[PDB]
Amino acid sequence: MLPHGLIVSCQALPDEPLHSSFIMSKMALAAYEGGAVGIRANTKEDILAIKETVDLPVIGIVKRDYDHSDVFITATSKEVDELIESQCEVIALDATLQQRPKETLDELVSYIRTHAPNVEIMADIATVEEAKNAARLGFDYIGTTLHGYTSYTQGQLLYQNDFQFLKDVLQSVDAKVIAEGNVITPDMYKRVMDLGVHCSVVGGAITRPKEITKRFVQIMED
């Protein structure tokens, strides 16, 4: 199981500067050496490289676009099978009720419980009711990952109104909740932990130097 504490997301998609299984493995080692308790990573190859450099538990996803679906975080059994092969300890998937290319969310949850019974699952959700649906499906973890990143949560950011959305998720489910998405600073990390999340996933604030650089530059441009 994931400990309490800091999960570092070590992702770099094609065309991002640090894109490379190798580099993500080194970002993960850096996170490990700074006191991270887990890693979140994207694609079987990045996960396998990371698992060569750290024994931290990994939350695995496959970001892959499908025609006629806005679901891209572990959309189908093809991505699930890649992640089972990766041996990541936790499989994260979009747990919205948006249209998927193939299996439904219920079918992907059954698929994972049948084919990878020792793997934990994590629901990336955007709304309280998606969170409650995930809790009902027996998700091990419910993350705020997609809050602000679906067509229907545009402009919503986890931290808004002192983490009201996070407070509402924590109030609505007994499952382990993960503060993920727009945890930008140590102060935000402390706040989500004090609000009672099991753990927090921090990505861009640690592993996206372009995004960190932009925050430094923006302070001069207000």
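When you see a residue number, it is the position in the sequence shown, counting from 1.
S.K.: Comparing average C-alpha B factors as deposited, tell me which of 60-68 and 179-187 sits higher.
M.R.: Looking at the record's C-alpha B-factors, the answer is 60-68.
S.K.: Quick one: say whether 154-162 or 39-47 has the higher mean Cα B-factor in the deposited entry.
M.R.: The deposited B-factors put 154-162 ahead on the C-alpha mean.
S.K.: Ranking every modelled residue in this chain by its Cα temperature factor as given in the entry, which third contains residue 125?
M.R.: Its C-alpha B-factor, which the entry lists for residue 125, ranks in the lowest third among residues of this chain.
S.K.: Residue 101: which third of its chain by C-alpha temperature factor?
M.R.: Answer is highest: the recorded C-alpha B-factor places it there.
S.K.: Lowest, middle or highest third: where is residue 138 by C-alpha B factor in its chain?
M.R.: Middle third.
S.K.: Would you mind checking where the Cα B-factor of residue 110 ranks among the modelled residues of its chain, as the lowest, middle or highest third?
M.R.: Tercile = highest for this residue's CA B-factor.
S.K.: Sorting the chain's CA B-factors, does residue 74 end up in the lowest, middle or highest third?
M.R.: Its C-alpha B-factor belongs to the middle third of this chain's values.
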